[PDB]
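What follows is a single structure, written as structure tokens, with notes after it.
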Number of protein chains: 2
Amino acid sequence: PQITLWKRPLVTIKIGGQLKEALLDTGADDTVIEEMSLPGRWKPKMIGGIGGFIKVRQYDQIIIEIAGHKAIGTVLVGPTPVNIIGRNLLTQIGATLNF
Amino acid sequence: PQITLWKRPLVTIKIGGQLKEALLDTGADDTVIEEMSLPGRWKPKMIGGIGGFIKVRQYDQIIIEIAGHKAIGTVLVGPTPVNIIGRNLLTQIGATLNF
Ligand SMILES: COc1ccc(S(=O)(=O)N(CC(C)C)C[C@@H](O)[C@H](Cc2ccccc2)NC(=O)c2ccc3c(c2)[C@H](NC(=O)OC(C)(C)C)CC[C@@H]3O)cc1
Ligand SMILES: [Cl-]
Ligand SMILES: [Cl-]
Ligand code: NA
């Protein structure tokens with residue numbers, strides 16, 4: 001689809017058996033999800049932005065369904081104020097910015 | 001143009017006669033630039049990012065070119081880690097997300 005930017009570009013995702021709303025975010029390198037359980041190994045990471053840094057858990061090789069499109073990649077889990085789909089998964093669904 | 005997301009979507013902007021680099025960021029409602037001089041009065045705004053909230057200076061009706069496209073609108077100035085072009089200006093340049 002073509003999503004305009006008049007409002008926040010929010011979509012439904014499926015991750016870990018759960019449905020969530022998330023922001024399609026070209027400014028985010030990585031995908032960052034609010035606290036939830038995911039299977040497998042993880043390692044700690046710090047990520048930063050406006051307001052400073054937060055600590056997250058990095059899970060690799062996680063499958064997500066984004067607006068009906070399946071992708072796999074790393075997911076960061078921690079105290080983000082909104083679920084963010086970053087470039088590492090936007091590429092896999094073929095998302096582009098067009099103007 | 002059609003911009004893929006394998007790398008950060010960095011473009012050149014021109015503001016105040018000066019060229020700067022900025023990130024096209026669909027996850028930002030507003031445009032936020034690092035400390036610089038802009039004309040006119042400003043008003044206060046608080047914005048929340050991944051690590052918390054920061055105070056910025058809001059300047060309205062500022063002339064700005066984004067990847068060659070002319071825009072006139074609101075620019076927030078403050079301690080952002082990167083210059084960010086948010087949805088207020090992405091809509092003026094006709095940008096959409098496509099997949
Ligand atoms: C390593 O992977 C990363 C690293 C950093 C980030 S980031 O979240 O810090 N960020 C990087 C940028 C700053 C280079 C992505 C960015 O899209 C972020 C992504 C983001 C968006 C929202 C909050 C946190 C992070 N948005 C904002 O920081 C942002 C900017 C301006 C404003 C907001 C957010 C504010 N958004 C807001 O409060 O959103 C709600 C109400 C939905 C929570 C509105 C006011 C202002 O217009 C994400 C993944
Ligand atoms: Cl990845
Ligand atoms: Cl591609
Ligand atoms: Na894993």
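Every chain in the structure tokens takes a letter, A first, then B, and so on in the order presented; its residues are numbered from 1, and the ligands are numbered from 1 following the presented order.
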Could you write out chain A as a PDB file with N, CA and C atoms, in the first residue's frame once it has been least-squares superposed on chain B using every ordered C-alpha pair?
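Dumped everything to result.pdb:
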```pdb
ATOM      1  N   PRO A   1      12.651  10.957  -6.041  1.00  0.00           N
ATOM      2  CA  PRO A   1      13.428   9.706  -6.114  1.00  0.00           C
ATOM      3  C   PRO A   1      12.791   8.645  -5.230  1.00  0.00           C
ATOM      4  N   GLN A   2      13.325   7.457  -5.364  1.00  0.00           N
ATOM      5  CA  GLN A   2      12.945   6.311  -4.539  1.00  0.00           C
ATOM      6  C   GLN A   2      14.124   6.013  -3.607  1.00  0.00           C
ATOM      7  N   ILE A   3      13.876   6.098  -2.307  1.00  0.00           N
ATOM      8  CA  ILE A   3      15.002   5.875  -1.376  1.00  0.00           C
ATOM      9  C   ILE A   3      14.760   4.568  -0.667  1.00  0.00           C
ATOM     10  N   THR A   4      15.727   3.661  -0.787  1.00  0.00           N
ATOM     11  CA  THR A   4      15.553   2.386  -0.092  1.00  0.00           C
ATOM     12  C   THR A   4      15.981   2.561   1.352  1.00  0.00           C
ATOM     13  N   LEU A   5      15.768   1.559   2.168  1.00  0.00           N
ATOM     14  CA  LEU A   5      15.946   1.700   3.631  1.00  0.00           C
ATOM     15  C   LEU A   5      17.020   0.756   4.128  1.00  0.00           C
ATOM     16  N   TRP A   6      17.896   0.298   3.217  1.00  0.00           N
ATOM     17  CA  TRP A   6      19.038  -0.499   3.637  1.00  0.00           C
ATOM     18  C   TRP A   6      19.969   0.239   4.587  1.00  0.00           C
ATOM     19  N   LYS A   7      20.072   1.556   4.356  1.00  0.00           N
ATOM     20  CA  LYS A   7      20.859   2.405   5.233  1.00  0.00           C
ATOM     21  C   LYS A   7      19.980   3.574   5.675  1.00  0.00           C
ATOM     22  N   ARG A   8      20.496   4.391   6.617  1.00  0.00           N
ATOM     23  CA  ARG A   8      19.679   5.519   7.083  1.00  0.00           C
ATOM     24  C   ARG A   8      19.344   6.464   5.945  1.00  0.00           C
ATOM     25  N   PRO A   9      18.114   6.938   5.833  1.00  0.00           N
ATOM     26  CA  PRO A   9      17.757   7.850   4.711  1.00  0.00           C
ATOM     27  C   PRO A   9      18.133   9.287   4.994  1.00  0.00           C
ATOM     28  N   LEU A  10      19.402   9.593   4.742  1.00  0.00           N
ATOM     29  CA  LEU A  10      19.982  10.890   5.000  1.00  0.00           C
ATOM     30  C   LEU A  10      19.978  11.706   3.731  1.00  0.00           C
ATOM     31  N   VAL A  11      19.645  12.987   3.865  1.00  0.00           N
ATOM     32  CA  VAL A  11      19.664  13.920   2.743  1.00  0.00           C
ATOM     33  C   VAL A  11      20.287  15.218   3.165  1.00  0.00           C
ATOM     34  N   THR A  12      20.655  16.029   2.152  1.00  0.00           N
ATOM     35  CA  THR A  12      21.141  17.371   2.439  1.00  0.00           C
ATOM     36  C   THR A  12      19.944  18.345   2.481  1.00  0.00           C
ATOM     37  N   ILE A  13      19.972  19.210   3.472  1.00  0.00           N
ATOM     38  CA  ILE A  13      18.958  20.269   3.559  1.00  0.00           C
ATOM     39  C   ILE A  13      19.676  21.615   3.589  1.00  0.00           C
ATOM     40  N   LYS A  14      18.913  22.633   3.260  1.00  0.00           N
ATOM     41  CA  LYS A  14      19.351  23.999   3.450  1.00  0.00           C
ATOM     42  C   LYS A  14      18.383  24.725   4.389  1.00  0.00           C
ATOM     43  N   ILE A  15      18.876  25.281   5.468  1.00  0.00           N
ATOM     44  CA  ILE A  15      18.016  25.909   6.453  1.00  0.00           C
ATOM     45  C   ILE A  15      18.797  27.093   7.054  1.00  0.00           C
ATOM     46  N   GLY A  16      18.191  28.279   7.167  1.00  0.00           N
ATOM     47  CA  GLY A  16      18.892  29.401   7.720  1.00  0.00           C
ATOM     48  C   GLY A  16      20.190  29.715   7.001  1.00  0.00           C
ATOM     49  N   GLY A  17      20.254  29.455   5.701  1.00  0.00           N
ATOM     50  CA  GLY A  17      21.491  29.770   4.969  1.00  0.00           C
ATOM     51  C   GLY A  17      22.553  28.717   5.165  1.00  0.00           C
ATOM     52  N   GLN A  18      22.286  27.623   5.839  1.00  0.00           N
ATOM     53  CA  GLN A  18      23.271  26.609   6.161  1.00  0.00           C
ATOM     54  C   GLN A  18      22.925  25.272   5.538  1.00  0.00           C
ATOM     55  N   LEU A  19      23.903  24.505   5.089  1.00  0.00           N
ATOM     56  CA  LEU A  19      23.685  23.152   4.631  1.00  0.00           C
ATOM     57  C   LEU A  19      23.892  22.195   5.798  1.00  0.00           C
ATOM     58  N   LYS A  20      22.968  21.258   5.925  1.00  0.00           N
ATOM     59  CA  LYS A  20      23.049  20.263   6.993  1.00  0.00           C
ATOM     60  C   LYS A  20      22.668  18.914   6.400  1.00  0.00           C
ATOM     61  N   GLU A  21      23.105  17.844   7.060  1.00  0.00           N
ATOM     62  CA  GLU A  21      22.589  16.507   6.746  1.00  0.00           C
ATOM     63  C   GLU A  21      21.450  16.201   7.709  1.00  0.00           C
ATOM     64  N   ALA A  22      20.381  15.569   7.240  1.00  0.00           N
ATOM     65  CA  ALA A  22      19.246  15.253   8.096  1.00  0.00           C
ATOM     66  C   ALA A  22      18.632  13.935   7.652  1.00  0.00           C
ATOM     67  N   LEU A  23      17.977  13.297   8.615  1.00  0.00           N
ATOM     68  CA  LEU A  23      17.317  12.013   8.483  1.00  0.00           C
ATOM     69  C   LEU A  23      15.849  12.202   8.098  1.00  0.00           C
ATOM     70  N   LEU A  24      15.395  11.527   7.015  1.00  0.00           N
ATOM     71  CA  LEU A  24      13.973  11.563   6.687  1.00  0.00           C
ATOM     72  C   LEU A  24      13.244  10.588   7.621  1.00  0.00           C
ATOM     73  N   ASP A  25      12.440  11.106   8.517  1.00  0.00           N
ATOM     74  CA  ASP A  25      11.971  10.312   9.662  1.00  0.00           C
ATOM     75  C   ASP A  25      10.467  10.285   9.776  1.00  0.00           C
ATOM     76  N   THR A  26       9.863   9.210   9.252  1.00  0.00           N
ATOM     77  CA  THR A  26       8.396   9.100   9.312  1.00  0.00           C
ATOM     78  C   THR A  26       7.873   8.921  10.733  1.00  0.00           C
ATOM     79  N   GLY A  27       8.727   8.546  11.676  1.00  0.00           N
ATOM     80  CA  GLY A  27       8.329   8.399  13.067  1.00  0.00           C
ATOM     81  C   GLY A  27       8.329   9.701  13.828  1.00  0.00           C
ATOM     82  N   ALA A  28       8.736  10.818  13.218  1.00  0.00           N
ATOM     83  CA  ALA A  28       8.825  12.110  13.909  1.00  0.00           C
ATOM     84  C   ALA A  28       7.675  12.991  13.458  1.00  0.00           C
ATOM     85  N   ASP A  29       6.848  13.476  14.425  1.00  0.00           N
ATOM     86  CA  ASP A  29       5.753  14.373  14.036  1.00  0.00           C
ATOM     87  C   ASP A  29       6.272  15.676  13.439  1.00  0.00           C
ATOM     88  N   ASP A  30       7.323  16.191  14.087  1.00  0.00           N
ATOM     89  CA  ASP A  30       7.892  17.498  13.893  1.00  0.00           C
ATOM     90  C   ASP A  30       9.347  17.370  13.448  1.00  0.00           C
ATOM     91  N   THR A  31       9.850  18.401  12.819  1.00  0.00           N
ATOM     92  CA  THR A  31      11.244  18.548  12.388  1.00  0.00           C
ATOM     93  C   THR A  31      12.071  19.106  13.528  1.00  0.00           C
ATOM     94  N   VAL A  32      13.228  18.453  13.794  1.00  0.00           N
ATOM     95  CA  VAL A  32      14.042  18.816  14.944  1.00  0.00           C
ATOM     96  C   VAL A  32      15.482  18.961  14.455  1.00  0.00           C
ATOM     97  N   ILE A  33      16.070  20.128  14.672  1.00  0.00           N
ATOM     98  CA  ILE A  33      17.419  20.452  14.164  1.00  0.00           C
ATOM     99  C   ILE A  33      18.306  20.779  15.342  1.00  0.00           C
ATOM    100  N   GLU A  34      19.584  20.397  15.264  1.00  0.00           N
ATOM    101  CA  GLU A  34      20.594  20.754  16.246  1.00  0.00           C
ATOM    102  C   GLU A  34      20.737  22.258  16.389  1.00  0.00           C
ATOM    103  N   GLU A  35      21.389  22.663  17.486  1.00  0.00           N
ATOM    104  CA  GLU A  35      21.438  24.090  17.807  1.00  0.00           C
ATOM    105  C   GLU A  35      21.966  24.939  16.653  1.00  0.00           C
ATOM    106  N   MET A  36      21.196  25.981  16.360  1.00  0.00           N
ATOM    107  CA  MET A  36      21.523  26.953  15.320  1.00  0.00           C
ATOM    108  C   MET A  36      20.642  28.164  15.591  1.00  0.00           C
ATOM    109  N   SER A  37      20.991  29.281  15.005  1.00  0.00           N
ATOM    110  CA  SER A  37      20.191  30.485  15.061  1.00  0.00           C
ATOM    111  C   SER A  37      19.193  30.514  13.913  1.00  0.00           C
ATOM    112  N   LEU A  38      17.965  30.927  14.193  1.00  0.00           N
ATOM    113  CA  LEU A  38      16.950  31.179  13.171  1.00  0.00           C
ATOM    114  C   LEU A  38      16.305  32.536  13.481  1.00  0.00           C
ATOM    115  N   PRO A  39      15.883  33.246  12.449  1.00  0.00           N
ATOM    116  CA  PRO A  39      15.235  34.552  12.720  1.00  0.00           C
ATOM    117  C   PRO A  39      13.785  34.405  13.175  1.00  0.00           C
ATOM    118  N   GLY A  40      13.299  35.461  13.833  1.00  0.00           N
ATOM    119  CA  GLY A  40      11.916  35.607  14.254  1.00  0.00           C
ATOM    120  C   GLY A  40      11.676  35.105  15.651  1.00  0.00           C
ATOM    121  N   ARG A  41      10.379  35.036  15.973  1.00  0.00           N
ATOM    122  CA  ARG A  41       9.928  34.670  17.292  1.00  0.00           C
ATOM    123  C   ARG A  41      10.035  33.171  17.470  1.00  0.00           C
ATOM    124  N   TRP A  42      10.107  32.799  18.748  1.00  0.00           N
ATOM    125  CA  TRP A  42      10.055  31.373  19.092  1.00  0.00           C
ATOM    126  C   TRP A  42       9.405  31.206  20.447  1.00  0.00           C
ATOM    127  N   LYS A  43       9.051  29.947  20.762  1.00  0.00           N
ATOM    128  CA  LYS A  43       8.543  29.669  22.115  1.00  0.00           C
ATOM    129  C   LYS A  43       9.116  28.343  22.584  1.00  0.00           C
ATOM    130  N   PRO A  44       9.256  28.147  23.865  1.00  0.00           N
ATOM    131  CA  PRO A  44       9.841  26.882  24.331  1.00  0.00           C
ATOM    132  C   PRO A  44       8.819  25.754  24.252  1.00  0.00           C
ATOM    133  N   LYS A  45       9.331  24.527  24.083  1.00  0.00           N
ATOM    134  CA  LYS A  45       8.559  23.305  24.005  1.00  0.00           C
ATOM    135  C   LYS A  45       9.350  22.143  24.559  1.00  0.00           C
ATOM    136  N   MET A  46       8.670  21.113  25.064  1.00  0.00           N
ATOM    137  CA  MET A  46       9.349  19.873  25.453  1.00  0.00           C
ATOM    138  C   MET A  46       8.908  18.768  24.489  1.00  0.00           C
ATOM    139  N   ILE A  47       9.835  17.977  23.969  1.00  0.00           N
ATOM    140  CA  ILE A  47       9.460  16.832  23.124  1.00  0.00           C
ATOM    141  C   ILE A  47      10.151  15.611  23.686  1.00  0.00           C
ATOM    142  N   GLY A  48       9.513  14.459  23.523  1.00  0.00           N
ATOM    143  CA  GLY A  48       9.991  13.241  24.126  1.00  0.00           C
ATOM    144  C   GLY A  48      10.015  12.077  23.216  1.00  0.00           C
ATOM    145  N   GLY A  49      10.860  11.136  23.603  1.00  0.00           N
ATOM    146  CA  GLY A  49      10.969   9.922  22.805  1.00  0.00           C
ATOM    147  C   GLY A  49      11.730   8.917  23.642  1.00  0.00           C
ATOM    148  N   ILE A  50      12.475   8.074  22.900  1.00  0.00           N
ATOM    149  CA  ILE A  50      13.245   7.096  23.625  1.00  0.00           C
ATOM    150  C   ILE A  50      14.269   7.830  24.485  1.00  0.00           C
ATOM    151  N   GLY A  51      14.412   7.483  25.762  1.00  0.00           N
ATOM    152  CA  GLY A  51      15.409   8.192  26.505  1.00  0.00           C
ATOM    153  C   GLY A  51      14.757   9.369  27.244  1.00  0.00           C
ATOM    154  N   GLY A  52      13.530   9.797  26.963  1.00  0.00           N
ATOM    155  CA  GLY A  52      12.921  10.913  27.734  1.00  0.00           C
ATOM    156  C   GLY A  52      12.772  12.149  26.861  1.00  0.00           C
ATOM    157  N   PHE A  53      12.749  13.303  27.540  1.00  0.00           N
ATOM    158  CA  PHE A  53      12.381  14.562  26.914  1.00  0.00           C
ATOM    159  C   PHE A  53      13.545  15.517  26.815  1.00  0.00           C
ATOM    160  N   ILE A  54      13.532  16.393  25.809  1.00  0.00           N
ATOM    161  CA  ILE A  54      14.461  17.505  25.700  1.00  0.00           C
ATOM    162  C   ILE A  54      13.641  18.795  25.497  1.00  0.00           C
ATOM    163  N   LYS A  55      14.262  19.915  25.912  1.00  0.00           N
ATOM    164  CA  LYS A  55      13.674  21.209  25.669  1.00  0.00           C
ATOM    165  C   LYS A  55      14.189  21.785  24.375  1.00  0.00           C
ATOM    166  N   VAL A  56      13.280  22.343  23.577  1.00  0.00           N
ATOM    167  CA  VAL A  56      13.607  22.902  22.257  1.00  0.00           C
ATOM    168  C   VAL A  56      12.974  24.277  22.133  1.00  0.00           C
ATOM    169  N   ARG A  57      13.429  25.020  21.131  1.00  0.00           N
ATOM    170  CA  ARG A  57      12.800  26.285  20.728  1.00  0.00           C
ATOM    171  C   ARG A  57      11.972  26.025  19.473  1.00  0.00           C
ATOM    172  N   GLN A  58      10.700  26.430  19.519  1.00  0.00           N
ATOM    173  CA  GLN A  58       9.825  26.269  18.356  1.00  0.00           C
ATOM    174  C   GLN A  58       9.780  27.549  17.521  1.00  0.00           C
ATOM    175  N   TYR A  59      10.227  27.439  16.287  1.00  0.00           N
ATOM    176  CA  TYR A  59      10.170  28.541  15.311  1.00  0.00           C
ATOM    177  C   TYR A  59       9.125  28.189  14.260  1.00  0.00           C
ATOM    178  N   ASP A  60       8.174  29.086  14.011  1.00  0.00           N
ATOM    179  CA  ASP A  60       7.182  28.824  12.996  1.00  0.00           C
ATOM    180  C   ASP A  60       7.531  29.498  11.661  1.00  0.00           C
ATOM    181  N   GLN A  61       6.948  28.992  10.576  1.00  0.00           N
ATOM    182  CA  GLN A  61       7.050  29.601   9.244  1.00  0.00           C
ATOM    183  C   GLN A  61       8.502  29.729   8.810  1.00  0.00           C
ATOM    184  N   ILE A  62       9.286  28.645   8.912  1.00  0.00           N
ATOM    185  CA  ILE A  62      10.672  28.554   8.459  1.00  0.00           C
ATOM    186  C   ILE A  62      10.750  27.823   7.136  1.00  0.00           C
ATOM    187  N   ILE A  63      11.466  28.396   6.187  1.00  0.00           N
ATOM    188  CA  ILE A  63      11.662  27.721   4.896  1.00  0.00           C
ATOM    189  C   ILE A  63      12.842  26.771   4.930  1.00  0.00           C
ATOM    190  N   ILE A  64      12.648  25.579   4.417  1.00  0.00           N
ATOM    191  CA  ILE A  64      13.737  24.612   4.306  1.00  0.00           C
ATOM    192  C   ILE A  64      13.763  24.186   2.833  1.00  0.00           C
ATOM    193  N   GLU A  65      14.916  23.804   2.342  1.00  0.00           N
ATOM    194  CA  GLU A  65      15.034  23.073   1.070  1.00  0.00           C
ATOM    195  C   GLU A  65      15.489  21.664   1.408  1.00  0.00           C
ATOM    196  N   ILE A  66      14.689  20.668   1.055  1.00  0.00           N
ATOM    197  CA  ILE A  66      14.973  19.262   1.474  1.00  0.00           C
ATOM    198  C   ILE A  66      15.287  18.495   0.211  1.00  0.00           C
ATOM    199  N   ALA A  67      16.534  18.060   0.033  1.00  0.00           N
ATOM    200  CA  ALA A  67      16.883  17.308  -1.167  1.00  0.00           C
ATOM    201  C   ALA A  67      16.440  18.074  -2.421  1.00  0.00           C
ATOM    202  N   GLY A  68      16.500  19.412  -2.412  1.00  0.00           N
ATOM    203  CA  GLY A  68      16.121  20.154  -3.627  1.00  0.00           C
ATOM    204  C   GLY A  68      14.672  20.591  -3.678  1.00  0.00           C
ATOM    205  N   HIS A  69      13.856  20.239  -2.682  1.00  0.00           N
ATOM    206  CA  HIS A  69      12.439  20.592  -2.631  1.00  0.00           C
ATOM    207  C   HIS A  69      12.129  21.581  -1.513  1.00  0.00           C
ATOM    208  N   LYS A  70      11.547  22.715  -1.868  1.00  0.00           N
ATOM    209  CA  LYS A  70      11.284  23.751  -0.850  1.00  0.00           C
ATOM    210  C   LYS A  70       9.995  23.490  -0.094  1.00  0.00           C
ATOM    211  N   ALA A  71      10.034  23.774   1.205  1.00  0.00           N
ATOM    212  CA  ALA A  71       8.838  23.602   2.030  1.00  0.00           C
ATOM    213  C   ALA A  71       8.903  24.702   3.075  1.00  0.00           C
ATOM    214  N   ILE A  72       7.780  24.953   3.721  1.00  0.00           N
ATOM    215  CA  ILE A  72       7.770  25.878   4.887  1.00  0.00           C
ATOM    216  C   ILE A  72       7.022  25.199   6.016  1.00  0.00           C
ATOM    217  N   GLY A  73       7.496  25.458   7.242  1.00  0.00           N
ATOM    218  CA  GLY A  73       6.732  24.960   8.382  1.00  0.00           C
ATOM    219  C   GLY A  73       7.496  25.241   9.671  1.00  0.00           C
ATOM    220  N   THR A  74       7.017  24.608  10.740  1.00  0.00           N
ATOM    221  CA  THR A  74       7.644  24.763  12.049  1.00  0.00           C
ATOM    222  C   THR A  74       8.924  23.946  12.133  1.00  0.00           C
ATOM    223  N   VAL A  75       9.935  24.505  12.757  1.00  0.00           N
ATOM    224  CA  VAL A  75      11.179  23.827  13.012  1.00  0.00           C
ATOM    225  C   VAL A  75      11.478  23.938  14.511  1.00  0.00           C
ATOM    226  N   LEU A  76      11.802  22.799  15.136  1.00  0.00           N
ATOM    227  CA  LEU A  76      12.208  22.763  16.541  1.00  0.00           C
ATOM    228  C   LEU A  76      13.710  22.722  16.628  1.00  0.00           C
ATOM    229  N   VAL A  77      14.316  23.541  17.470  1.00  0.00           N
ATOM    230  CA  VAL A  77      15.797  23.606  17.536  1.00  0.00           C
ATOM    231  C   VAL A  77      16.208  23.259  18.949  1.00  0.00           C
ATOM    232  N   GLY A  78      17.146  22.298  19.076  1.00  0.00           N
ATOM    233  CA  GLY A  78      17.621  21.939  20.416  1.00  0.00           C
ATOM    234  C   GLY A  78      18.576  20.769  20.340  1.00  0.00           C
ATOM    235  N   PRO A  79      18.867  20.149  21.479  1.00  0.00           N
ATOM    236  CA  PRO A  79      19.982  19.170  21.555  1.00  0.00           C
ATOM    237  C   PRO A  79      19.588  17.778  21.102  1.00  0.00           C
ATOM    238  N   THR A  80      19.183  17.674  19.874  1.00  0.00           N
ATOM    239  CA  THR A  80      18.885  16.371  19.263  1.00  0.00           C
ATOM    240  C   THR A  80      20.195  15.732  18.814  1.00  0.00           C
ATOM    241  N   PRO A  81      20.336  14.429  18.933  1.00  0.00           N
ATOM    242  CA  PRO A  81      21.592  13.801  18.484  1.00  0.00           C
ATOM    243  C   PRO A  81      21.658  13.690  16.971  1.00  0.00           C
ATOM    244  N   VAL A  82      20.608  13.901  16.222  1.00  0.00           N
ATOM    245  CA  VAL A  82      20.665  13.912  14.749  1.00  0.00           C
ATOM    246  C   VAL A  82      19.610  14.873  14.246  1.00  0.00           C
ATOM    247  N   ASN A  83      19.863  15.521  13.121  1.00  0.00           N
ATOM    248  CA  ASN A  83      18.849  16.414  12.495  1.00  0.00           C
ATOM    249  C   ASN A  83      17.780  15.490  11.902  1.00  0.00           C
ATOM    250  N   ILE A  84      16.541  15.787  12.188  1.00  0.00           N
ATOM    251  CA  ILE A  84      15.373  15.008  11.790  1.00  0.00           C
ATOM    252  C   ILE A  84      14.381  15.831  10.985  1.00  0.00           C
ATOM    253  N   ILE A  85      14.035  15.351   9.793  1.00  0.00           N
ATOM    254  CA  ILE A  85      12.956  15.925   9.005  1.00  0.00           C
ATOM    255  C   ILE A  85      11.710  15.087   9.308  1.00  0.00           C
ATOM    256  N   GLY A  86      10.747  15.725   9.989  1.00  0.00           N
ATOM    257  CA  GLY A  86       9.553  15.019  10.401  1.00  0.00           C
ATOM    258  C   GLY A  86       8.400  15.254   9.445  1.00  0.00           C
ATOM    259  N   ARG A  87       7.289  14.619   9.808  1.00  0.00           N
ATOM    260  CA  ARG A  87       6.131  14.547   8.915  1.00  0.00           C
ATOM    261  C   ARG A  87       5.625  15.915   8.521  1.00  0.00           C
ATOM    262  N   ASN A  88       5.769  16.929   9.391  1.00  0.00           N
ATOM    263  CA  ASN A  88       5.230  18.265   9.067  1.00  0.00           C
ATOM    264  C   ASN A  88       5.872  18.818   7.808  1.00  0.00           C
ATOM    265  N   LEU A  89       7.112  18.441   7.482  1.00  0.00           N
ATOM    266  CA  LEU A  89       7.743  18.859   6.235  1.00  0.00           C
ATOM    267  C   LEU A  89       7.798  17.759   5.194  1.00  0.00           C
ATOM    268  N   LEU A  90       7.810  16.468   5.584  1.00  0.00           N
ATOM    269  CA  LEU A  90       7.743  15.421   4.597  1.00  0.00           C
ATOM    270  C   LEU A  90       6.463  15.467   3.755  1.00  0.00           C
ATOM    271  N   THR A  91       5.337  15.835   4.370  1.00  0.00           N
ATOM    272  CA  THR A  91       4.118  15.955   3.593  1.00  0.00           C
ATOM    273  C   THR A  91       4.262  16.978   2.473  1.00  0.00           C
ATOM    274  N   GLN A  92       4.937  18.081   2.776  1.00  0.00           N
ATOM    275  CA  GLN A  92       4.976  19.224   1.845  1.00  0.00           C
ATOM    276  C   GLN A  92       5.803  18.875   0.618  1.00  0.00           C
ATOM    277  N   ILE A  93       6.752  17.947   0.733  1.00  0.00           N
ATOM    278  CA  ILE A  93       7.540  17.560  -0.443  1.00  0.00           C
ATOM    279  C   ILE A  93       6.932  16.353  -1.122  1.00  0.00           C
ATOM    280  N   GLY A  94       5.771  15.880  -0.628  1.00  0.00           N
ATOM    281  CA  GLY A  94       5.053  14.801  -1.271  1.00  0.00           C
ATOM    282  C   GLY A  94       5.648  13.431  -0.934  1.00  0.00           C
ATOM    283  N   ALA A  95       6.310  13.278   0.216  1.00  0.00           N
ATOM    284  CA  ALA A  95       6.911  11.982   0.551  1.00  0.00           C
ATOM    285  C   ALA A  95       5.867  10.991   0.995  1.00  0.00           C
ATOM    286  N   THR A  96       6.023   9.768   0.492  1.00  0.00           N
ATOM    287  CA  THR A  96       5.151   8.656   0.900  1.00  0.00           C
ATOM    288  C   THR A  96       6.012   7.435   1.217  1.00  0.00           C
ATOM    289  N   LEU A  97       5.454   6.536   2.054  1.00  0.00           N
ATOM    290  CA  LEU A  97       5.990   5.223   2.272  1.00  0.00           C
ATOM    291  C   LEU A  97       5.291   4.240   1.365  1.00  0.00           C
ATOM    292  N   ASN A  98       6.026   3.400   0.649  1.00  0.00           N
ATOM    293  CA  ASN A  98       5.387   2.510  -0.318  1.00  0.00           C
ATOM    294  C   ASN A  98       5.845   1.068  -0.081  1.00  0.00           C
ATOM    295  N   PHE A  99       4.936   0.114  -0.041  1.00  0.00           N
ATOM    296  CA  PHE A  99       5.318  -1.298   0.025  1.00  0.00           C
ATOM    297  C   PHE A  99       4.182  -2.148  -0.544  1.00  0.00           C
TER     298      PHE A  99
END
```
